[PDB]
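Here the structure is laid out as structure tokens; the discussion comes afterwards.
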Amino acid sequence: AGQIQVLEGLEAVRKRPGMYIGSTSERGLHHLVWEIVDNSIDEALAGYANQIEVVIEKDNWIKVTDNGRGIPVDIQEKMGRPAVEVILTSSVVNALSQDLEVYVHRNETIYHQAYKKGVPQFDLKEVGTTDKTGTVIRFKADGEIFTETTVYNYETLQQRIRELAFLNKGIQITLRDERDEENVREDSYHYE
Ligand SMILES: CCNC(=O)Nc1cn(-c2ccccn2)c2cc(-c3cccnc3)cnc12
Ligand SMILES: [Mg+2]
Numbered sequence: 016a017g018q019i020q021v022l023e024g025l026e027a028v029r030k031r032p033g034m035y036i037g038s039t040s041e042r043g044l045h046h047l048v049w050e051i052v053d054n055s056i057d058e059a060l061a062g063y064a065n066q067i068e069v070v071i072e073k074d075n076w077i078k079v080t081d082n083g084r085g086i087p088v089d090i091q092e093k094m095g096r097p098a099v100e101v102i103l104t128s129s130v131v132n133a134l135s136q137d138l139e140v141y142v143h144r145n146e147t148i149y150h151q152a153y154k155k156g157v158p159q160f161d162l163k164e165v166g167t168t169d170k171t172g173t174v175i176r177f178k179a180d181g182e183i184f185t186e187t188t189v190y191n192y193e194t195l196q197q198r199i200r201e202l203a204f205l206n207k208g209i210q211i212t213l214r215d216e217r218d219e220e221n222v223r224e225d226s227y228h229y230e
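Letter by letter, the sequence shown follows residues 16 to 104, 128 to 230 in the entry's author numbering.
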């Protein structure tokens, strides 16, 4: 019943996306970023993370990284599925992404899963080792949903990242634009 209730949730989000993110215009596209960054901010307010990085990659992929505990990977009681899977299959940003990847650094291990329109493409896998902890999410907004534009505006992202760092003192938040490999722009904010 749990996996079924996942699938229906994905269908609900993709059918009426503006009811979930306000709009499917440029404002809604940027809201994707905010939803991811807010969870990293919670991890910092919980006392675990202090660095967040937002990268505009080639072809308008977004990469968000935090140095928190890593979204958990233990098998759930209620879903029979890894915890990270449960959280990402319940995610609006994942449902509204043509593709999304997660890498978790936790338990000295790197775990990876990829999704399309919220649907896992394979079971969570151990891909490497690490001596760090944290979460990386990389997603590509679905152009079937975001029919006006899938191009992010650096200044929009910059303004709000600066605000978030000034509000959440102590967290280092970095924005980087790598869309033109010949001219990479970075702003990094860290108050008090
Ligand atoms: C790059 C975007 N990064 C994230 O989304 N980071 C997190 C979201 N979540 C999260 C968890 C639940 C619901 C929604 N989001 C977390 C939970 C934990 C966590 C909690 C308890 C023990 N160990 C780790 C740690 N990082 C996260
Ligand atoms: Mg949220």
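Quick reminder that beta carbons are idealized off the backbone N, C-alpha and C, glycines included.
- In the assembly as shown, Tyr190 is a buried residue. Its beta-carbon has 16 or more other beta-carbons within 10 Å.
- The beta carbon of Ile199 sits closer than 6 Å to the beta carbons of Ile211, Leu213 from its chain, once the five residues preceding and following it are set aside; these are given in chain order.
- Inter-residue distance for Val21 and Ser128 is about 7 Å (C-alpha atoms, whole angstroms).
- Secondary structure at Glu219: coil, using DSSP grouped into helix, strand and coil.
- Residue pairing for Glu26: DSSP places it in no beta bridge.
- Restricting attention to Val101, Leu134, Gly17, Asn145, the CA atom closest to the CA of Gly37 is found in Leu134.
- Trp76 and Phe177 have their C-alpha atoms roughly 6 Å apart.
- When distances are taken from the beta-carbon of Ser135 to the heavy atoms of ligand 1, even the shortest one reaches 7 Å or more.
- Put simply, the segment 59-71 does not touch the segment 91-98. Fewer than three CB pairs are less than 8 Å apart.
- The beta carbon of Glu224 sits closer than 6 Å to those of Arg214, all from its chain and outside the five residues before and after it, given in chain order.
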